[PDB]
Amino acid sequence: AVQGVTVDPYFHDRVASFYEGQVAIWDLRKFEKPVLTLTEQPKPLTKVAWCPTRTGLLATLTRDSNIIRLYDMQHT
Amino acid sequence: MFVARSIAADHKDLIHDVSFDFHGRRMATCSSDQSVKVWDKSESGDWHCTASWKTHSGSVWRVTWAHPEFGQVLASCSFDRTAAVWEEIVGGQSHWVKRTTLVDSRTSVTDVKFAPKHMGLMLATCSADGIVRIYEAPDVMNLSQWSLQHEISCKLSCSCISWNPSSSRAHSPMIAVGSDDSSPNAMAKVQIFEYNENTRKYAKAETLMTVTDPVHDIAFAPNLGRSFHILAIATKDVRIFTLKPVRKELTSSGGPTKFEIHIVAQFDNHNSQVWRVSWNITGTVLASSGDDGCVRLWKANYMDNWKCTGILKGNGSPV
Amino acid sequence: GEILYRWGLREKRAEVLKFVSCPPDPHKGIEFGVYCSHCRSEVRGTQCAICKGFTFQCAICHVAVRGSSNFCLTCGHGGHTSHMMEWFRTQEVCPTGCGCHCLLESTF
Amino acid sequence: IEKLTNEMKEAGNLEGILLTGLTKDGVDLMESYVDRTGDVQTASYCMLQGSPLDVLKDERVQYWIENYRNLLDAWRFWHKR
Ligand SMILES: [Zn+2]
Ligand SMILES: [Zn+2]
Ligand SMILES: [Zn+2]
Ligand SMILES: [Zn+2]
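Residues numbered from 1 in each chain as written, not as in the entry; some residues may be left out. Chains lettered and ligands numbered in written order. Part of a larger assembly, values for the part shown. Heavy atoms only, no water. Residues with missing side-chain atoms left out of burial classes, pairs and counts.

cryo-EM is the method the PDB entry states for this structure, with the resolution given as 3.66 Å.

The name given to chain B in the PDB entry is Isoform B of Nucleoporin SEH1, with Homo sapiens as the source organism. As deposited in the PDB, this entry carries the title "Human GATOR2 complex". Of the comments in the UniProt record for chain B, the one headed Sequence similarities reads "Belongs to the WD repeat SEC13 family." (UniProt positions renumbered as here; feature names shortened; annotations may be inferred.)

Looking at the PDB entry, one finds chain A named GATOR complex protein MIOS and attributed to Homo sapiens.

Encoded structure:
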């Protein structure tokens, strides 16, 4: 996964990537294997973006979809 | 026929959950900064804060009161997989002291609730892994000791739980658990467990097949001496269901009691994901809050039909 | 302290006697026990030893009682001091419906 | 009389007490009325008027009385209780 690399504004050590319908998260301090992997979507992903006004919030939009999927990574 | 007003209470962070005491003279509020505040109402009718402290390392989801017969006890669930019990000690400035913590959950503790008074001092905690744990304190004079009495697996992500407030001698204890899983498959999202005295174990009794959308809130209504049970479910549309027990044959007493399920009201005026549902003291008025920033109060009519009675906005401006 | 008591001032006597190093001995005689509100057993204390719950509950507020309390020896009912004072300020029957005139049966 | 009494019992109108009287049928009628209305104060007060001991021995009337007492306690009307 090398597309859509982005860093959480609140956590500078958190990065995200996505290949096809699968999305992975990495921690730059220990970036050897992906920290977590989101559930693969049927339609390929199209955009991934972190929320700047809310901590640990990620948004994803896929191809030909009328719904945007939000993920709360603030658990840890 | 509902009018609104703003209470002169000052909060610095976003308020997550608010809860009343039994007599309605004490309020407990959870903030977004892992903070808990207690407010008391004066004789003149004004509200004043009396305590404040930080509780957990993670976010604080729910905080609830206990019955006054056991004193002043609060229970708080946290996203840090913990559930803390706090008791107030005054010597007079109030000094709340934590008495016990349950961390048996392997996932984030999603909900925490207290059992009815007639069943002793019990507590239930539903976690995100699909585990509901019911613990009891054998001694009411020693808050620091607790024992895990029951554990139930739901095979689905628990999101909310509710006890049955019935206190009759003919109704076994009942607990209902919802789910917020958004799996594409059409699966049941509400199940009910009824305790069995002959086995001293809780068993699944009925599953709501008609509910397949994710469920955010479930609320039993006060019994108040009726012959059946009233349940409210919060989803994309608010639903009301009635459960009536069937006459148990005297030939043999077996497993869970059979019930007849009928829907009596289904409102979709919110046109969004309803978030909270609550009952009044008498179980005659239902309050619902959804994503539309509006609060809807529903009540029955002369023809025993359910219709909206009040509409309000989050800002307090009447509609 | 004895001189103060002879003078008629009582509170000062207690205040002075609170500084005595040697404590006195407890009363050896008649004592009061409470029937448990749950197991109905004889419990010598504010908390039951069997049911582990509160044994004494107010007859007015129906809350557990832990401090000062008053009760009728003839009827066996009682509760919080302030609550019962307020109740008997105007009324003259036992507030639990026992029918006992607790004032006339208690004020000996 | 039988038909009208059955209809009133299945209807839940307090006026049918004249037919039934303060018996088990009256208890069922009051139960239906509470189911429709939820008023326990009136049922509690009416059931106490000269009812025989066996009639007063039902669990439902005791439950209604206890619910009324609990509600009154939840309002701090202790003297009324
Ligand atoms: Zn006991
Ligand atoms: Zn007496
Ligand atoms: Zn008495
Ligand atoms: Zn009292």
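Counting secondary structure elements, chain A contains 0 helices and 7 strands. Secondary structure elements of chain A, listed N to C terminal, follow the sequence β-β-β-β-β-β-β. Dimensions of chain A, computed from the C-alpha atoms along their principal axes, are close to 35 × 30 × 20 Å. Across chain A, the fraction of contacts at a sequence separation of at least 24, relative to all contacts at a separation of at least 6, is 9%. (Helix = DSSP H or I, 4+ residues; strand = E, 2+ residues; numbered from the N terminus. Contact = heavy atoms within 4.5 Å.)

Attention now moves to the interface of chain B and chain D. Across the boundary between the two partners, chain B contributes 12 residues, which contact 13 residues of chain D. Of the residues that constitute the side of chain B that touches chain D, the class distribution is 4 nonpolar, 7 polar and 1 charged. (Nonpolar A, V, L, I, M, F, W, Y, C, P; charged D, E, K, R; others polar.)

Another point: the interface of chain B and chain C. Facing the 5 residues of chain B at the interface are 6 residues of chain C. Considered class by class, the residues forming the side of chain B that touches chain C number 3 nonpolar, no polar and 2 charged.

The next point concerns the pattern of salt bridges. Residue and element names in this part refer to chain D. Of the charged contacts, one joins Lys-9 and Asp-28 as a salt bridge, the two residues approaching to 3.7 Å between their closest N and O atoms. In this pair, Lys-9 sits in helix α1 (residues 2-11) while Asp-28 sits in helix α3 (residues 24-37), placing the two residues 19 residues apart along the sequence. Between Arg-81 and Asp-73 there is a salt bridge, with the nearest N and O atoms lying 2.6 Å from each other. (Salt bridge = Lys/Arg side-chain N within 4 Å of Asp/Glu carboxyl O.)

Here we come to unusual backbone geometry. Non-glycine residue A:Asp64 carries a positive phi angle of around 55°. The residue A:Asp64 is located in the loop between β6 (57-62) and β7 (69-72) in this model. For D:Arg76, which is not a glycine, the phi torsion comes out positive at approximately 65°.

Time to look at the sheet that holds strand β6 (residues 73-78) of chain B. Residues and elements named next belong to chain B. Strands sit in the order β5-β6-β7-β8 across an open sheet of 4 strands; the sheet is antiparallel. Taken across any chain shown, the strands that pair with only one partner, and hence form the sheet edges, are β5 (60-65) and β8 (94-102). For this sheet, the mean angle separating the axes of adjacent strands, direction not counted, is 25°. Bridge count between strand β7 (residues 83-90) and β8: 8 bridges; the pairing is antiparallel. In the sheet register, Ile-89 faces β8, and the bridge partner there is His-95. (Pairing = 2+ DSSP bridges. Axes fitted to C-alpha atoms, helices over the stretch in contact; angles between N-to-C directions.)

Turning our attention to the arrangement of the chains. No other pair of the 3 pairs of chains in contact has as many contacts as chains B and D. Spatially, chain A is disjoint from chain B: no contact exists, and the shortest C-alpha separation is 7 Å. Separated without contact, chain A and chain C have their nearest C-alpha atoms at a distance of 39 Å.

Every regular strand shows the same layout, with side chains that alternate between the two sheet faces. Residues and elements named next belong to chain A. With 6 bridges joining them, strand β2 (residues 14-19) and strand β3 (residues 22-27) adopt antiparallel strand pairing. Bridge pairing links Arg-14 to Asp-27 in β3. Here β2 hands over to β3 after 2 residues, with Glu-20 in that stretch at a positive phi of 55°. Direction of pairing for β3 relative to strand β4 (residues 36-37): antiparallel, over a ladder of 2 bridges. Residue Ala-24 lies in a different strand from β4, and its bridge partner there is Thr-37.

Let us look at the environment of C:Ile60. Within the fold, C:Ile60 resides in the loop between β2 (42-43) and β3 (69-71). Beyond its immediate chain neighbours, meaning those up to four positions away, C:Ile60 contacts C:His83, C:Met84, C:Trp87, D:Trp78 and D:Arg81.

All names here are of chain B. Spatially, the 4 strands line up as an open sheet ordered β21-β22-β23-β24, and their pairing is antiparallel. A strand with exactly one partner marks an edge of an open sheet, and here the two such strands are β21 (274-279) and β24 (307-313). Pairwise comparison of adjacent strand axes, ignoring direction, gives a mean angle of 20° for this sheet.

Our focus in this paragraph is the packing of aromatic side chains. Residues and elements named next belong to chain B. Taken together, a centroid distance of 6.3 Å and an interplanar angle of 70° make the contact between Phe-20 and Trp-47 edge-to-face. Here the residue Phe-20 occupies a position in strand β1 (residues 15-20), and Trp-47 occupies one in strand β4 (residues 47-54), the gap between them amounting to 27 residues. Both rings, one in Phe-267 and one in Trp-298, keep their centres 4.0 Å apart while their planes meet at 15°; by these two values the pair is stacked. Of the two residues, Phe-267 sits in strand β20 (residues 259-267) while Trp-298 sits in strand β23 (residues 294-299), which places them 31 residues apart along the sequence. (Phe/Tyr/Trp six-rings, centres within 6.5 Å; stacked < 30°, edge-to-face > 60°.)

Our focus in this paragraph is the packing of α1(D) against α3(D). Residue and element names in this part refer to chain D. Close contact between α1 and α3 brings their axes to 7 Å; oriented N to C, the two are set at 35°. Across the interface between the two elements, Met-8, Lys-9 and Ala-11 of α1 pack against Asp-25, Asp-28, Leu-29, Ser-32 and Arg-36 of α3. Broken down by class, the residue content of the contact of α1 with α3 amounts to 3 nonpolar, 1 polar and 4 charged.

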